[PDB]
Amino acid sequence: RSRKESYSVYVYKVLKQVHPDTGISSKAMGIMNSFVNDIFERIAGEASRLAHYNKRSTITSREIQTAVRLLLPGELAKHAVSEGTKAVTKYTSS
Amino acid sequence: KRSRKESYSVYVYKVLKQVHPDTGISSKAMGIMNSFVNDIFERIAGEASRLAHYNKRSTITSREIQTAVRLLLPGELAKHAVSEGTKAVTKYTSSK
Amino acid sequence: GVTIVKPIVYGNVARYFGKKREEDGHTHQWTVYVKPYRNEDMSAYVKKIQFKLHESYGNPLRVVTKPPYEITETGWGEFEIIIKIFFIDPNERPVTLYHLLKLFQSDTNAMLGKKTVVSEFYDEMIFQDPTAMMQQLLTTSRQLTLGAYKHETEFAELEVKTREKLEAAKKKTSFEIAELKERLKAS
Amino acid sequence: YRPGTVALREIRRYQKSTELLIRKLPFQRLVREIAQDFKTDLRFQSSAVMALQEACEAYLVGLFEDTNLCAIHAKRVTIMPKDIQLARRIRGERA
Amino acid sequence: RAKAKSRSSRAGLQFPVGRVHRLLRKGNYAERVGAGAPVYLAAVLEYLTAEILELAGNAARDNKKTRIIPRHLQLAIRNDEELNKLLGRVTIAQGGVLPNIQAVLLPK
Amino acid sequence: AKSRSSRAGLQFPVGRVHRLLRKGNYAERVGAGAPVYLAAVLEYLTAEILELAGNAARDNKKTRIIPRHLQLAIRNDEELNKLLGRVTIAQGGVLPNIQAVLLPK
Amino acid sequence: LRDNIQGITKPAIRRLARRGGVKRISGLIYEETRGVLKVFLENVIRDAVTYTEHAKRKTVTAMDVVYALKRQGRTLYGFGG
Amino acid sequence: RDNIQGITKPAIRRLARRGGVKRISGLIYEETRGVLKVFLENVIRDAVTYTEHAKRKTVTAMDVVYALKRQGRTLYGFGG
DNA sequence: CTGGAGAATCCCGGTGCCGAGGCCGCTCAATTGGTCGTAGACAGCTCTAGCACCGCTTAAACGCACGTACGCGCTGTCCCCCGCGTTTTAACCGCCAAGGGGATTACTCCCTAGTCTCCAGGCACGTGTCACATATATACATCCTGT
């Protein structure tokens, strides 16, 4: 099937790591689904504009990292950058 | 070996000289006049972009451009902008 | 078993106004300071430095929050200043120093006509068995500036060491130039 | 001069000129000292520092226009630090 | 071939439709731009430029100046009810502000 | 054989997050590790928010994250309140707080 | 560099307040203004430098400041070229 | 029609109670109704522009979410 | 400060409803494998700015001295919102049985748009300068404030 895809399978996979026994209501799961579509578009739009700033025609991981630096308040940005860079580091070795 | 940078100064002086024959415009005021154009261009194009994407469309169109002008410009500002553009599209497709 | 040594210099400079001021009767300007001996950024481990002055001032307890830590002030008499250096880690005991504010020159230095008075002393902050955070902060200290870093007191001796180069080069340059120009114009 | 007569004159005079109100040299060192904590040895285009000043003077003038309305709120003519704080909190800067 | 006619001219605009559409063609604002978007966008862009240049020049004349300074822009975009709205969150460099003195802070 | 997402030690979808990138007219070239980075960041924010909301609800004697506690977790965090400053979580109410002036005694 | 927030003098703040309609200023408001201005400056400067470090440049150009102001909702006209 | 009085004084008092207000002036209900009717008309006007453009007759929740994001007021929970 | 009533909260334990998750079964879409241009990166190299210094000039910041004007505080006065009981309007069913208005979806198809050429005006950057208006000067007009 297809019709309407969403984040629900990843908001519940990531929730089962932080709190193995905690569930999530359909409304709250929908709210998380919506929230991720916010940050995705925000980071990707700032990254597209960043590519446009240094006149690149590609959004690389460097653009995404600089877009993450521009939005997260310090500690949030300092840990999100580490998450992204570790994921990219570990994905290039496989 | 030149480094030429583009700007809107040539057409803001055509429009200004035409809508104020005796009035000039300083270089610093033309910088503001340029930034204003680029800003509104960004706004209208971005809203048309979003408009097209909301309807699952890969192309930003002049219909989306008109709806973005309806969303962006306040009531009168809108009306005049929409009328000006609408009449500019029927003067262009009539092969004048 | 971890011992970290941080070299620092704390002191004061003073400039004589040449006459007693009529507004407040002060005769000297002075700047009291702590700065690092090495070209390193103290702010990586120092939260603030408090300077406690003599009770003649409207507020005796001054505070500074960025290196090179210093306060500029005016006065007419010498007094002891208590400098309390606080570290970023609240678990580390702040350091306490006592500096004798020197404003007047000795007879030997007065006869030499020196334009500034300086008194500064070298010390070493010793952190024994510091916390992990404090150890990391002390080890991760960066360089303060790309330029040179230097010491002033004995001010008369440093000024003489400077002039022993300065006047030599100046006289050489002057005489050589005069000779060149005169020979060239004579021809 | 009756306290408030030479100050209202200055209100009418500084609301009619367009020149910057902060001194340049003192403000440019602040913009370099603030940059200090992000990158050793950063250079600034002259126009970049001028743009920073054009940002900050406008921001402070807007904040002193919103702070005056709060002072007039408590039947005051003096703007008090809690006025800047109320304006800014209602601004969402330090909610 | 035929004498080439521009796109600002056929429509009847001053702002560059070629350059406007051009920023759009390689601006990723969309994926396949049509044949009216740049025309409408340039028309309205330059319409607002004219709308403001009007008020700016009029205020300038009020100041007995023949050259629009950024002041003739702050004063204008804050003098007009809808330009201010459109440019409400926009600071105009070297423009100043309008002399709005609160009534309660006056001589009594 | 192996989802691109799995080859990062993640739970989030590196594969679909690539398609959403290079379909939304952001640029003309999504790199090899642009979606691998964006997916990691998205999963990170989800981890943070989900943990906070989840045991805020479990602080409420609940075993099911409810949007009320989504709002509580977001509004109590100083970093997530800056991020989601202009976002209204529906059916999340507000935060309990009584101005001292109003309070009696 | 050191102690540059003091480069914003009492007259420097009083003139800015006069342009904003303020007639009478208090004693502590000068320090409040310094704090507010310091926070705003630090945020804008940080965001501008984010465009320089990413660009591998050593000089902060005007476009970086313009974009930093735009991200803060402070679109500035006059430095667009 | 004029059904802006459906937002009644008790309702405005409940919205004030939720907002921490612990005492409300008499003329605060005829103010709040003018403040709420301007906010509604603005978000509805934008939701009807996103609905006319899609050539649809019913204002869907997606139109309301898009029009609310246009104002800056971002709401989480209705598919956007 | 204790009393003593009288209302509110506030967890404990109980009892069903129904959403949240459990699984199953195919559809979409992300992976795999491979050829084909090329994004940008990196290695020079031209040449602006940026930076850094130094002098002379003077506006300006600043400290001080002195009243005046404005700011927290008190209290009294009077009304207008709070609390709470009664009258009134809104608003659910049951009772009544389905059309139809309209999103949702495809299959054709013709028109619009990308792609990719080769020209040719027109937009940029010079250069060649002309001149608004900034700075300066003075009387005219308010425009005060102390008598």
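For the range G:3-58, which residues satisfy the criterion of being β-branched (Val, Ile, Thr) and within 18 Å of residue D:30 (Cβ to Cβ)?
Applying the first criterion (β-branched (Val, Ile, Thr)) to the range G:3-58 yields G:5, G:8-9, G:13, G:22, G:25, G:29, G:33, G:36, G:39, G:44-45, G:49-50, G:52.
Hits for the range G:3-58 are G:5, G:8, G:9, G:13, G:33, G:36, G:39, G:44, G:45, G:49.
May I ask you to verify whether residue C:59 is on the phi < 0 side of the Ramachandran plot and surrounded by 14 or more Cβ atoms within 10 Å (Cβ to Cβ)?
Criteria not met by residue C:59.
Rundown of residues vs (1) within 9 Å of DNA strand I (Cβ to nearest atom); (2) buried (at least 22 other Cβ atoms within 10 Å of the Cβ); (3) of a type outside the set (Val, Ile, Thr), yes/no style:
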| position | (1), (2), (3) |
| --- | --- |
| D:12 | no, no, yes |
| D:19 | yes, no, yes |
| D:30 | no, yes, yes |
| D:39 | no, no, yes |
| D:87 | no, yes, yes |
- request: Please find, within the range F:1-14, the residue that is nearest to the chain's Cα centre (by Cα) out of those that are near DNA strand I (Cβ under 6 Å from one of its atoms) and surrounded by 14 or more Cβ atoms within 10 Å (Cβ to Cβ).
  value: F:14
query: Which condition does residue C:61 not pass, out of (1) within 20 Å of residue C:98 (Cβ to Cβ); (2) touching a residue at least 24 places away in the same chain (Cβ under 8 Å), if it passes all the others?
result: (2)
- prompt: Does residue G:13 count as buried (at least 19 other Cβ atoms within 10 Å of the Cβ) and in contact with a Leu (Cβ under 9 Å, 6 or more places away or on another chain)?
  reply: yes
message: Given the options D:1, D:59, name the one that is surrounded by fewer than 22 Cβ atoms within 10 Å (Cβ to Cβ), within 12 Å of DNA strand I (Cβ to nearest atom) and of a type in the set (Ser, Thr, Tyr).
response: D:1
task: At least 3 residues that are out of contact with any strand residue (DSSP E or B) (no Cβ under 9 Å at 6 or more places or on another chain) and either among the β-branched types (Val, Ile, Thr) or closer than 16 Å to residue A:84 by Cα (or both) in each: list the helices (runs of 4 or more DSSP H) lying fully within the range F:2-105 that qualify.
output: F:14-21, F:34-59
task: Determine whether the range A:36-52 contains at least one residue that is of a type in the set (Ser, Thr, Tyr) and within 30 Å of residue H:78 (Cβ to Cβ).
output: yes
query: What's the number of the condition residue D:39 fails, among (1) touching an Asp or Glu at 6+ places or on another chain (Cβ under 7 Å); (2) more than 8 Å from chain G (Cβ to nearest Cβ); (3) without any contact (Cβ under 8 Å) to a residue 24 or more places away in the chain?
result: (2)
Count of the range D:23-33 residues which are at the interface with chain G (Cβ under 7 Å from one of its Cβ atoms), more than 13 Å from residue G:38 (Cβ to Cβ) and in contact (Cβ under 8 Å) with a residue 24 or more places away in the chain: 0
field: Residue list for the range F:25-44, filter: of a type outside the set (A, V, I, L, M), within 7 Å of chain A (Cβ to nearest Cβ) and over 13 Å from residue A:10 (Cβ atoms)
entry: F:26, F:28, F:29, F:31, F:33, F:37
message: Just checking, does the range F:72-94 include any residue being aliphatic (A, V, I, L, M), more than 30 Å from residue H:15 (Cα to Cα) and either in contact with a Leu (Cβ under 7 Å, 6 or more places away or on another chain) or at the interface with another protein chain (Cβ under 8 Å from one of its Cβ atoms) (or both)?
response: no
query: Which of the residues belonging to the range E:63-79 are over 23 Å from residue D:49 (Cα atoms) and either of a type outside the set (D, E, K, R) or under 13 Å from the mean Cα position of the chain (by Cα) (or both)?
result: E:63, E:66, E:68, E:72, E:75, E:76, E:77, E:79
- prompt: Condition test on residue D:92, is it of a type outside the set (A, V, I, L, M, F, W, C) and away from DNA strand I (no atom under 11 Å from the Cβ)?
  reply: yes
message: One residue is enough: does the range G:29-51 have a residue meeting the conditions surrounded by 19 or more Cβ atoms within 10 Å (Cβ to Cβ), under 12 Å from the mean Cα position of the chain (by Cα) and of a type in the set (S, T, N, Q)?
response: yes
- request: Kindly check whether there is at least one residue in the range B:21-31 that is β-branched (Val, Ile, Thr) and in contact with a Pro (Cβ under 9 Å, 6 or more places away or on another chain).
  value: no
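Any chance the range A:32-54 includes a residue that's more than 20 Å from residue F:38 (Cα to Cα) and either over 14 Å from the mean Cα position of the chain (by Cα) or crowded, with 21+ Cβ neighbours inside 10 Å (or both)?
No, the range A:32-54 contains no residue that is more than 20 Å from residue F:38 (Cα to Cα) and either over 14 Å from the mean Cα position of the chain (by Cα) or crowded, with 21+ Cβ neighbours inside 10 Å (or both).
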task: Taking residue B:58 as the residue in question, decide whether it is among the hydroxyl-bearing types (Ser, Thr, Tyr), surrounded by fewer than 21 Cβ atoms within 10 Å (Cβ to Cβ) and in contact with an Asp or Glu (Cβ under 6 Å, 6 or more places away or on another chain).
output: yes
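Per-residue answers, yes or no, for (1) facing another protein chain (nearest Cβ under 7 Å); (2) under 29 Å from residue D:51 (Cβ atoms); (3) hydroxyl-bearing (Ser, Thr, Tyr):
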| position | (1), (2), (3) |
| --- | --- |
| B:9 | no, yes, yes |
| B:15 | yes, yes, no |
| B:29 | yes, yes, no |
| B:39 | yes, yes, no |
| B:78 | no, no, no |
| B:83 | no, no, yes |
| B:91 | yes, no, no |
- request: Give the range H:33-80 a look and list any residue that's away from chain F (no Cβ under 14 Å), within 16 Å of DNA strand I (Cβ to nearest atom) and either of a type in the set (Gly, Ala, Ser) or closer than 21 Å to residue H:6 by Cα (or both), or say none.
  value: H:33, H:47, H:54
- prompt: When the residues of the range E:22-74 are filtered to those that are among the hydrophobic types (A, V, I, L, M, F, W, C) and free of Cβ contacts under 8 Å to residues at least 12 places away in the same chain, which remaining residue is surrounded by the most Cβ atoms within 10 Å (Cβ to Cβ)?
  reply: E:44
statement: Counted residues in the range A:45-62 being in contact with a helix residue (DSSP H, G or I) (Cβ under 6 Å, 6 or more places away or on another chain), assigned to a helix (DSSP H, G or I) and facing chain F (nearest Cβ under 7 Å) come to 3
- prompt: If you take the residues of the range F:56-67 that are out of contact with any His (no Cβ under 6 Å at 6 or more places or on another chain) and within 9 Å of chain A (Cβ to nearest Cβ), which of them is nearest to DNA strand I (Cβ to nearest atom)?
  reply: F:64
query: Here are B:28, B:14: which of them is more than 19 Å from residue E:90 (Cα to Cα), within 13 Å of DNA strand I (Cβ to nearest atom) and not acidic (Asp, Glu)?
result: B:14
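No Cβ is skipped: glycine too gets one built from the backbone with ideal geometry, and neighbour counts run over all protein chains shown. Values quoted throughout were computed directly from the atomic coordinates according to the rules given, and no laboratory measurement underlies them.
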